[PDB]
Amino acid sequence: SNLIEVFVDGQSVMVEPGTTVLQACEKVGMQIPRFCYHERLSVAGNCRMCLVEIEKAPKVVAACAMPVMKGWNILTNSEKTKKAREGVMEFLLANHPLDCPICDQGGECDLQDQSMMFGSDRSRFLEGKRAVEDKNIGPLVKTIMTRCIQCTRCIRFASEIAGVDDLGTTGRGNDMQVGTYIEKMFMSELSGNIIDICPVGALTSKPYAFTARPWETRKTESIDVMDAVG
Amino acid sequence: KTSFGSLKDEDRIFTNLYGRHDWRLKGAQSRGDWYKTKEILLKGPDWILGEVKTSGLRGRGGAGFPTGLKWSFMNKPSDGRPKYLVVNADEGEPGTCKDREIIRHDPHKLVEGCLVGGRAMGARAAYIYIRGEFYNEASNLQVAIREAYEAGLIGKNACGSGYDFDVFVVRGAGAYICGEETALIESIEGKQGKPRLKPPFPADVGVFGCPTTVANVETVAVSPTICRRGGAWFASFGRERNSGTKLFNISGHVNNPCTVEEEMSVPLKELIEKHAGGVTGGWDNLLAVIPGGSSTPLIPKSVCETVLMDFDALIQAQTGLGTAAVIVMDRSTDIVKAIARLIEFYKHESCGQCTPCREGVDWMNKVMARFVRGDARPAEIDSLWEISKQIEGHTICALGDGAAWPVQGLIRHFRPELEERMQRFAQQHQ
Amino acid sequence: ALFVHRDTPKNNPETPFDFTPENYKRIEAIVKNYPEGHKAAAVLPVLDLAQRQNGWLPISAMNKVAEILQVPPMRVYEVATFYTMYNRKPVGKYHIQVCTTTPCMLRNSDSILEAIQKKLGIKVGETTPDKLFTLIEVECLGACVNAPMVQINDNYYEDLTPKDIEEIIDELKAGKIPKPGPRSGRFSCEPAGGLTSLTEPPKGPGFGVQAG
Amino acid sequence: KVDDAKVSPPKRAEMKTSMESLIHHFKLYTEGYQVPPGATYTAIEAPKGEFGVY
Amino acid sequence: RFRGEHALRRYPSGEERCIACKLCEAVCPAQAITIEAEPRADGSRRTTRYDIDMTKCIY
Amino acid sequence: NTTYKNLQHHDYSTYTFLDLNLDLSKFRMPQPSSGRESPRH
Amino acid sequence: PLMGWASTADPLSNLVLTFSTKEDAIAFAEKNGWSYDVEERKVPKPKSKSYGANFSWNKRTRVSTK
Ligand SMILES: Cc1cc2nc3c(=O)[nH]c(=O)nc-3n(C[C@H](O)[C@H](O)[C@H](O)COP(=O)(O)O)c2cc1C
Ligand code: SF4
Ligand code: SF4
Ligand code: SF4
Ligand code: SF4
Ligand code: FES
Ligand code: FES
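Protein chains in written order, with the deposited numbering: chain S1, 6 to 235; chain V1, 9 to 438; chain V2, 5 to 216; chain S2, 324 to 377; chain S8, 60 to 118; chain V3, 35 to 75; chain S4, 68 to 133.
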């Protein structure tokens, strides 16, 4: 009656039909590391981080957008799964600038945490390191577009929640500038909610910009005002 | 079994290579089109699929997926969503002119084949995607569509029977990625050309959400000839996995660089010299041979003097066979420079979905620049080997893979010229 | 290559831009080909009509295409910044594409590059201090089987040499245009030896077939 | 030091031109590297005697 | 390599070398560093208050 | 036949693709709709 | 008033006690005497999304960008 058998490294569990490998892996506790997938949006696949060696397959496949046939076994802690994670994490940090002091996501990065816990240590790629000059999106949202890892999360957020359709990919190859083409100061509702979407330090708060770095500040429960929803 | 195979006349699948007797549906009827096709259509598409798998058609365009398995996936029972046939006609793998010849001298057999493919799987409309480089040949295709419509035999209620089938033509805008399997589909959709993810197949969700498929022009051309001719007459030319005729063309360094139909297997020295002039400077002048085009590793001299031209043979040679640029190159050119220009081409045309092809072609372009100038260490050439092991298959499409393979072939074969180049740079700086 | 607009008028909407009602009938044929429910698929043919009407597309052309196809303009800006046939910089009458990658460069395109350079004067990638000579070198086009090639506005030139460079450029100065086909004889893509192709007039439907 | 940059911080040259080494420098000095759970004991010979640490 | 005075440096004919990136207060094992940061009218990120407690400084 | 049977391509003007698409618009079955007229209606 | 710091007369201000179950939390809080406010655990809600549904035909779930 609508169940699917998978083995997470031997531990059997049941999967509803149509869902992903990733929701079942998060059901058993294993957080497969992700960059483009986010549960409030649709499923892109453009970050490639969620590769996992699924058995009897020479090719290692994504986990955010895989249909779940009956009777899997999912090897998360294998050899070439770790090798693919090392490779992808080495690819991300190539054209990313040395801005971790002047970033605003020092305590709250994603490249930093996942490159400690999953990446390599000795870097490579001696020369190169192109840079994309920033834009002026809005006076409420400070924007540096060199740190953009082109992950296509703000674009999906715009076209699927905001409905404004002002952010887009421009170019090919390495050169993909993400933003608005026409020098237009992007101003709409929920434009303050894009600084929490952007997983790397490429879209930060403008009025907050350089007052603290989030290990000093303590976090406290409270209830919203000014809206009747809270 | 043939002794390695060669061309026997009138066993050509299509005649009228260039400029022959006319260019007309009447000339198509004289060459063998619109002949007894309704009795083939009204027998049942299962018999057409049996005829094609009797011929055993290996899929073209340098992929390897056979047509019979694909169009047997296309036998889904018809729901409320229609079925579409997309005829891809770009020419990547620079060196090609594969179907430029076909769409310039014979669109009528393509019309025959798209009608056959539309009947053989429940398809309803066929979009034919031409490269944007081909305005004049596209207008020749439009004239041929006008002639086939003006005959009153395709469009609505084809072959006299109650079976409508419409064909449209969409131009390209200039890309390598629009030739691929699914970026084609979304380039038709008006969104910018970007491939989808594979485990949702095009035969389940395709052009906006319909079970469609994509055929190469050589498959469309060979398809009505197998229907109108006997079973496995096509299959008697070559081996058992791959079977039939293929365009082996030298677009490159020979005297009179040109195009020939041949069978599936051929001795390579007869192929190069006894059909297309001669090698520039003789057989011993060339440094190496690339088959396939640009998504294929190289083949050196001591391997190219003996290896026959089969798909299984080039699997045994760790390469992949494609079309029309089965060419040699001279010692007088530097293969490092040639492959570096090819990597520059790969950077200039690639979409930016996947991180690894993007950054890998970035590193390989800058590192092949530092190799042409020779400003590196041997750990760098083995690092280029390591990254070419890392990239391959970790993407969506095969452009990253086809950027991995030439680096692989260059490292597997032509180490000593790299070492001498770097030693001469050391002598230059010191 | 500066993928952000940065108006610089002779751009800066509204630049006055409008078509011909005959071209409007072309537009209705184009969005009558594609099925109802997915009107947004004809963006590239309508923008191709805009380029063929006015040789390079301004931003007001993109606003016009967006209002005709009733889409937000951002998809039109994506398709304009994505492909190759659409040059957002203003160009001249004739447009030179010197194609050189794998058979073309390896069959000595650099002689043709030198010939174009020291005949025209302006450097590669740039434009000219007049019209009709916007020169760019380009990647592969498909037509590979001959000498490295030149594309001008919907026409080809193969089997080149610097005297043919002088002839074709002086005749585009004069205005008389040569053929799209090959040169040095061999009137198509030909095996240019002793005619190793078919010679007999082919039979076709007459001889032995089966189940037909 | 060890050649395991996720435990010992790198040096200045790679620190001023890397990316992974700058990230490792930053988070290694802010958070401190994670240490797997468990209880260990060891003891060496201080000049007094058994200097033990648990 | 003696450790004494707790002095600051600056750029060659340039501005203050500090960015206020809070690493020294994140590592300061008696928390004697106190950094409150603001950007100025230019745009480069800088400080307001950079205090060393000489009592707590273990050096 | 060793004579170039083309040059039928040679007269192609820069409008002819849209001209042929224009003139061949008849016998067009209705390109089947789906609910709304557009993704945003 | 001399350096611009945040002093406090609160020794208990920087306590935290990370536990594993709500039952032992409430038991320890009632064992050690003071009052307590229990907020309940909220998991992320499981959803139903698919890439083919992002490529719909006559359903409005359409990606509209890629
Ligand atoms: C890297 C790559 C490049 C391709 N380039 C072209 C091309 O230029 N033209 C084309 O018609 N198909 C091209 N294709 C598609 C293949 O020809 C593919 O085999 C085709 O969709 C179906 O061919 P088959 O069914 O005969 O195997 C390309 C595919 C890939 C992966
Ligand atoms: S701006 Fe941020 S969210 Fe948007 S694509 Fe770039 S990294 Fe992703
Ligand atoms: S987003 Fe980039 S610059 Fe910012 S902390 Fe992370 S890696 Fe450093
Ligand atoms: S490998 Fe590169 S060119 Fe191919 S789909 Fe991925 S990003 Fe695009
Ligand atoms: S905040 Fe501290 S660590 Fe950072 S630049 Fe200033 S003095 Fe150096
Ligand atoms: S999470 Fe699956 S690829 Fe981004
Ligand atoms: S490389 Fe010049 S045409 Fe293909």
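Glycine is no exception: its CB is placed at the ideal position from the N, C-alpha and C atoms.
Problem - Distance between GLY50 (chain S1) and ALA146 (chain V1) (C-alpha atoms, nearest Å) - result: Distance between the alpha carbons of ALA146 (chain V1) and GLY50 (chain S1) is about 35 angstroms.
Problem - CA nearest to the CA of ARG204 (chain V1), picked from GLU84 (chain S1), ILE154 (chain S1), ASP229 (chain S1), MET71 (chain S1) - result: Ranked by Cα distance from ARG204 (chain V1), the options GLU84 (chain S1), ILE154 (chain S1), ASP229 (chain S1), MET71 (chain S1) are led by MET71 (chain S1).
Practice task
Note the first and the last residue of the continuous beta strand (DSSP E) segment covering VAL376 (chain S2).
Solution key: Its beta strand (DSSP E) spans residues 373-376.
Problem - Three-state secondary structure assigned by DSSP to residue 6 (chain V1) - result: Outside the displayed span of chain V1 (9 to 438) sits residue 6 (chain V1), for which this structure offers no information.
Practice task
Out of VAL26 (chain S1), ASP201 (chain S1), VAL183 (chain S1), state which residue places its alpha-carbon closest to the alpha-carbon of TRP77 (chain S1).
Solution key: Of the listed residues, the one whose Cα sits closest to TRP77 (chain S1) is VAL26 (chain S1).
Practice task
Identify each residue in the stretch 141-162 of chain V1 for which the Cβ-Cβ distance to at least one residue of chain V3 is less than 9 angstroms, and report them in chain order.
Solution key: Listed by position along the chain: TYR143, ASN144, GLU145, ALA146, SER147, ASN148, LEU149, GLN150, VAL151, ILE153, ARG154, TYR157.
Exercise for the section: Return the bridge partner residues of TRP77 (chain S1) from the DSSP annotation. Expected result: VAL11 (chain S1), per the DSSP bridge assignment.
Handout entry: Neighbouring residues, chain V1, relative to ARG62 (chain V3) (Cβ below 8 angstroms)
Key = Neighbours of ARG62 (chain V3) on chain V1, chain order: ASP174.
Handout entry: Best match in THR24 (chain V2), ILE172 (chain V2), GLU26 (chain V2) for proximity to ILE100 (chain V2) [C-alpha to C-alpha]
Key = Comparing Cα positions, the closest option is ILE172 (chain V2).
Practice task
State the beta-bridge partners of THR220 (chain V1) as determined by DSSP.
Solution key: Looking at the DSSP assignment, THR220 (chain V1) forms a beta bridge with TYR92 (chain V1).
Handout entry: Distance, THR209 (chain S1) Cα to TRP371 (chain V1) Cα
Key = In a straight line, the C-alpha of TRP371 (chain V1) is about 30 angstroms away from that of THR209 (chain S1).
Practice task
Name the one or two DSSP bridge partners that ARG177 (chain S1) has.
Solution key: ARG177 (chain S1) pairs with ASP180 (chain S1).
Practice task
Classify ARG423 (chain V1) as buried or exposed, calling it buried when 16 or more other Cβ atoms lie within 10 Å of its own Cβ.
Solution key: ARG423 (chain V1) should be labelled exposed.
Exercise for the section: Would you tell me roughly how many angstroms separate the C-alpha atoms of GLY410 (chain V1) and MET338 (chain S2), rounded to the nearest one? Expected result: C-alpha separation (whole angstroms): 35 angstroms.
Exercise for the section: Starting from the N-terminal end, write out each residue whose C-beta falls within a distance shorter than 6 angstroms of any non-hydrogen atom of ligand 3. Expected result: Listed by position in the chain, the residues whose beta carbon lies within less than 6 angstroms of some heavy atom of ligand 3 are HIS101 (chain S1), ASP104 (chain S1), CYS105 (chain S1), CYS108 (chain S1), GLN110 (chain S1), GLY111 (chain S1), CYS114 (chain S1), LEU116 (chain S1), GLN117 (chain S1), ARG152 (chain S1), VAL205 (chain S1), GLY206 (chain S1), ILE346 (chain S2).
Practice task
Spell out the partners DSSP gives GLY143 (chain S1) in its beta bridges.
Solution key: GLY143 (chain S1) is bridged by DSSP to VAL146 (chain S1).
Problem - Classification of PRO186 (chain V2) by the beta-carbon crowding that lies within 10 angstroms, buried from 16 upward - result: Residue environment for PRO186 (chain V2): buried (at least 16 other C-beta atoms within 10 angstroms of its C-beta).
Exercise for the section: Would you check if the stretch 191-210 of chain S1 and the stretch 144-155 of chain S1 touch, i.e. whether three or more CB-CB distances between them fall below 8 angstroms? Expected result: Because the criterion of three Cβ pairs below 8 angstroms is met, the stretch 144-155 of chain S1 and the stretch 191-210 of chain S1 touch.
Exercise for the section: Taking only the alpha-carbon atoms, compute the straight-line gap between residue 52 (chain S4) and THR128 (chain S4) and give it to the nearest angstrom. Expected result: The structure shown does not extend to residue 52 (chain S4), since chain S4 is modelled only from 68 through 133, so no value can be given for it.
Exercise for the section: Starting from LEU294 (chain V1), follow the beta strand (DSSP E) in both directions and report where the run begins and ends. Expected result: Per DSSP, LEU294 (chain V1) belongs to the beta strand (DSSP E) from 294-298.
Problem - Chain-ordered chain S2 contacts of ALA85 (chain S8) [CB-CB under 8 angstroms] - result: Here the neighbours are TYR352, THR353.
Handout entry: Where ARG108 (chain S8) meets chain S4, residues with beta-carbon distance less than 7 angstroms
Key = The contacting residues are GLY71.
Practice task
Tell me whether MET54 (chain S1) counts as near ligand 6, meaning its Cβ is closer than 7 angstroms to at least one heavy atom of that ligand.
Solution key: Taken from the Cβ of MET54 (chain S1), at least one heavy atom of ligand 6 lies inside 7 angstroms.
Exercise for the section: Helix, strand or coil for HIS65 (chain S8), going by three-state DSSP, please let me know. Expected result: Coil.
Practice task
Using a Cβ cut-off of 9 angstroms, pull out every chain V2 residue sitting near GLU188 (chain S1), in sequence order please.
Solution key: For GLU188 (chain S1), the neighbours in chain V2 by C-beta distance under 9 angstroms run, in chain order, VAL8, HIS9, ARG10, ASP11.
Practice task
Compare the C-alpha of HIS9 (chain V2) against each of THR175 (chain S1), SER164 (chain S1), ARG218 (chain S1), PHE162 (chain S1) and name the closest.
Solution key: In this structure, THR175 (chain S1) is the residue among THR175 (chain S1), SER164 (chain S1), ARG218 (chain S1), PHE162 (chain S1) with its C-alpha nearest to the C-alpha of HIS9 (chain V2).
Exercise for the section: Could you tell me the distance, in whole angstroms, from the CA atom of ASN27 (chain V2) to the CA atom of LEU53 (chain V2)? Expected result: Approximately 8 angstroms between the Cα atoms of the pair.
Problem - Opening and closing residue of the beta strand (DSSP E) in which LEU41 (chain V3) lies - result: Counting along the chain, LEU41 (chain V3) sits inside no beta strand (DSSP E), nor does DSSP assign it H or E at all.
Practice task
State yes or no: is the C-beta of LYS81 (chain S8) nearer than 7 angstroms to some heavy atom of ligand 5?
Solution key: For ligand 5, at least one heavy atom lies less than 7 angstroms from the Cβ of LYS81 (chain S8).
Handout entry: Sheet register partners of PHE122 (chain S4) (DSSP bridge)
Key = Paired residue(s): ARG129 (chain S4).
Exercise for the section: Would you list the residues whose beta-carbon is nearer than 6 angstroms to any heavy atom of ligand 4, in the order they occur in the chain? Expected result: Those residues that have a beta carbon less than 6 angstroms away from any non-hydrogen atom of ligand 4 are, in order along the chain, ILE185 (chain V1), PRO203 (chain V1), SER358 (chain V1), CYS359 (chain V1), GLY360 (chain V1), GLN361 (chain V1), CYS362 (chain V1), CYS365 (chain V1), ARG366 (chain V1), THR403 (chain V1), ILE404 (chain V1), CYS405 (chain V1), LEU407 (chain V1), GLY408 (chain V1).
Problem - Residue environment, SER72 (chain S8), which counts as buried when at least 16 other CB atoms sit within 10 Å - result: Classification of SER72 (chain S8): exposed, given that the 10 Å Cβ count is below 16.
Handout entry: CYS103 (chain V2) (DSSP reduced to helix, strand or coil)
Key = DSSP places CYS103 (chain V2) in strand when its eight states are reduced to three.
Problem - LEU192 (chain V1) and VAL94 (chain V1) closer than 8 angstroms at C-beta - result: Against a cut-off of 8 angstroms, the Cβ pair of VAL94 (chain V1) and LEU192 (chain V1) comes out as a contact.
Practice task
Counting only the same chain and skipping the five closest in sequence on each side, list residues whose C-beta sits under 6 angstroms from that of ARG127 (chain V1).
Solution key: Contacts found: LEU49.
Practice task
Tell me whether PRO113 (chain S4) is buried or exposed, calling it buried when 16 or more other Cβ atoms sit within 10 Å of its Cβ.
Solution key: Residue environment for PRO113 (chain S4): exposed (fewer than 16 other C-beta atoms within 10 angstroms of its C-beta).
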